[PDB]
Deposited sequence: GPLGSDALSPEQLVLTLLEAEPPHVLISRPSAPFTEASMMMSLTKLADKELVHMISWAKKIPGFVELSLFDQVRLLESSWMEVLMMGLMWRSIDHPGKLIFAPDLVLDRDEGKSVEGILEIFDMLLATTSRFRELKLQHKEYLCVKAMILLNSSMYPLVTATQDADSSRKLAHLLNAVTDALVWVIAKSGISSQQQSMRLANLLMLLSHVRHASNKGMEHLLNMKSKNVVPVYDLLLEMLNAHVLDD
């Protein structure tokens, strides 16, 4: 596979736009969205060339580790052209004000909003997003050799995407560093988010959705 045709495979793997068709209301809307998105995330993963050639254990471990980070990366990309807004879905657009209405959510909104603004400032391109979202899954903390090859391939594709911008070799290096540094900011917001959701689950104040419940219990 050329880097170009790997990137087109990620373009083809992109899940559909998910709508919620829907205080307690905001939080029910987020958990319901996450449960539907998790169904589409599994189909996405399986369309990444080589992913289904990994051991089932490895497939399961990578999605268990990375699912919240992959959801938040998708949220940041949908929000990028909508300053002050988190485009959870066309029918679930939220600002920090709506966030204030549930304890601990303000912090998470004002973190997702910040990282989104960094991506906005770097002018993150769609093909860059495709590559980093796949890298988040594949880099999450016979099969092990296949995983290293697959991660190497997506990394090679991101380098190619940056090369296509036509900026200097120096500026290609700086941009690659800048993008990959934002990854630890996605993983940070992911950690704060997973803590807040586990806490909401332990208090049973958010509805127990089967796929989301199973993905949260992994952690």
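Judged by missing C-alpha atoms, the gaps in the deposited chain sequence fall at residues 1 to 7, 30 to 35, 155 to 165, 244 to 247, listed in sequence order.
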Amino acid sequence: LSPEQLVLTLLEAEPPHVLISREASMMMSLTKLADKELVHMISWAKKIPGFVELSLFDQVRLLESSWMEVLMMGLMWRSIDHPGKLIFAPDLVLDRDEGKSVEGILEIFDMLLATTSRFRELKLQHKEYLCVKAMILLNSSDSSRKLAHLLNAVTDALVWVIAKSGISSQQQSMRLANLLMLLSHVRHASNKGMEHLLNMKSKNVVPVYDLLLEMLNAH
From here on, numbers count along this sequence of modelled residues.
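As the entry records it, the average C-alpha temperature factor is higher for 183 to 191, out of 30 to 38 and 183 to 191. For the pair 95 to 103 and 132 to 140, the record assigns the higher mean C-alpha temperature factor to 95 to 103.
In this structure the maximum Cα B-factor among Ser65, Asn152, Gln59, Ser168 is found at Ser168.
Among the modelled residues of the chain, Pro83 sits in the middle third by CA temperature factor in this PDB entry. For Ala13, the recorded CA temperature factor ranks within the middle third of the chain's modelled residues. Among all modelled residues in this chain, the alpha-carbon of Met73 has a temperature factor (C-alpha) in the lowest third. In this PDB entry, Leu113 carries a Cα temperature factor that places it within the middle third of its chain's modelled residues.
In the PDB entry, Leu212 places in the middle third of its chain by CA B-factor.
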